[PDB]
Every structure is written in structure tokens, then in C-alpha cells.
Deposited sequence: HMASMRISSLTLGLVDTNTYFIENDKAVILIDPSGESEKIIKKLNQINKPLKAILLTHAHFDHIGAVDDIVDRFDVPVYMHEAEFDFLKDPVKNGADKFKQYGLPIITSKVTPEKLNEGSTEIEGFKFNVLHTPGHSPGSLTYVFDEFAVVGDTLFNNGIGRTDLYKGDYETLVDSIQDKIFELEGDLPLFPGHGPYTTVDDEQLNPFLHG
């Protein structure tokens, strides 16, 4: 019923995801290289209805403004990182040309329906305070939380190691053991495959 596609883009190889149903598409983490994203959006030939952000670090939002300027769609994210968009010290870009001037819509933990797309939102902070995981019937998009044999870094702004470990162990590890998990970087993994992840402790 849904098809998930991806491009790996930008300075730090961010996974941008395209979620299609029979009649529309939503985009998650438009990281950069917006002409490549737009090219695939034009290939899909279904109207883009929304952008979802797992979080608002610079490498997940670099193409947000270009896509909104072209298609005029809402951008959804957790309110705890609204101030990340315009603030390069908070989103990490301060460290050559990244900000977003969009006014975002807030999303909270719970069941959601956006333009015919039904999914569950989990608030999974620790790598960032507004990190969200988006759970669909046949896959989940987890952001910079649980990687294949790795974990999101917890030394960024408002990051915290024990918070992320709890988010992974108490929320992401409640999903179906073989559900494909698609993180912000690197290949997919699953809850079963990450049971002995060595970065989780406590």
C-alpha cells in the first residue's frame, strides 16, 4: 500500500525518504541537492503533500526551502526544535554556504493522519530534543537515533546519552522485531538485529 524510496545526499550522506501511496507522496528530511529531489518528485507524478523532519540538524533540512518554494507544502516537526531552523549554532551548520525560513507545523507523539497518510509518531529525543520517529505499517523512519550497528552522537546541542538509550530501548525497541528501520545515515536495520548493539548501555 506504500512505497518508500530514498536518495543519499549532501555533505554527510543523509538519507532523504520518499513515501508514496496510490495517489500522493510525502518527503522526509530533504537534506540538500534539491534539484535531484525535485527530479525524483517529478518522476513519481503524484502530488507532494507534506514534508516531515525527523529533526532539524542542518544536514536534514538543507533542501527544505527549495522544495517549499517550488511546491508550497507544510513542514512538520517537533516544536522542541523550531528554533533549530534559523539558528546555525543549534542545528550544527556553524562549524561553506544552512537554514530554513519555513514556519513549521508541530507534531506530537501519537497516531497522525496527514493528507491521507496514516502513521504513528514517537518522540525519541537524546540525539536532539525534537527527534521524531515515524512509524508506518511496513517500515519506520528513525532519524539519527539507531543506526545499523551504531547510535546517534549525543554530544551536540541538548544531546544526552542516557536519554537516547532510553528512547531506543523503551520506544524503538517496542516496534515489530523485523520491521525495516530507515535511519538518517547508513543502511537499514531492525529491532531484532540491534538487540546486542554495543553502544547501548545502562
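Chemist: Numbered from 1 along the deposited sequence, what ranges are absent from the coordinates?
Modeler: The deposited sequence has unmodelled segments at 1-3, 99-103, 106.
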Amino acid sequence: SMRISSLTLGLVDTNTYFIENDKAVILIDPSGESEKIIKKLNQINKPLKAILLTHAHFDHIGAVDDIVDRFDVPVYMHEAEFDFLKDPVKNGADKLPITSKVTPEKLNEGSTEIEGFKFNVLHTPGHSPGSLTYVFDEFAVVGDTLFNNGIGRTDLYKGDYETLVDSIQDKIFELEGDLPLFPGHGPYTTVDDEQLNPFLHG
From here on, numbers count along this sequence of modelled residues.
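Chemist: Using only the Cα atoms and their B-factors as the entry lists them, report which of 59-67 and 168-176 averages higher.
Modeler: Higher mean C-alpha B-factor in the PDB entry: 59-67.
Chemist: Report the stretch with the higher mean CA temperature factor, choosing between 20-28 and 180-188 on the basis of the entry.
Modeler: The stretch with the larger mean CA B-factor is 20-28.
Chemist: Looking at the C-alpha B-factor values in the deposited entry, which of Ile151, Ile51, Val141, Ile44 comes out highest?
Modeler: Highest CA B-factor of the listed options: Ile44.
Chemist: Among all modelled residues of this chain, ranked by Cα B factor, put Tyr161 in the bottom, middle or top third, i.e. lowest, middle or highest.
Modeler: For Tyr161, the deposited C-alpha B-factor lands in the middle third.
Chemist: Quick check on the deposited entry: does the C-alpha B-factor of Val102 sit in the lowest, middle or highest third of its chain?
Modeler: Ranked within chain, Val102 CA B lands in the highest tercile.
Chemist: Tell me, lowest, middle or highest third: where does the Cα B factor of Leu122 rank within its chain?
Modeler: Its C-alpha B-factor belongs to the lowest third of this chain's values.
Chemist: Please say which third, lowest, middle or highest, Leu132 falls into when its CA temperature factor is compared across its chain.
Modeler: Lowest third.
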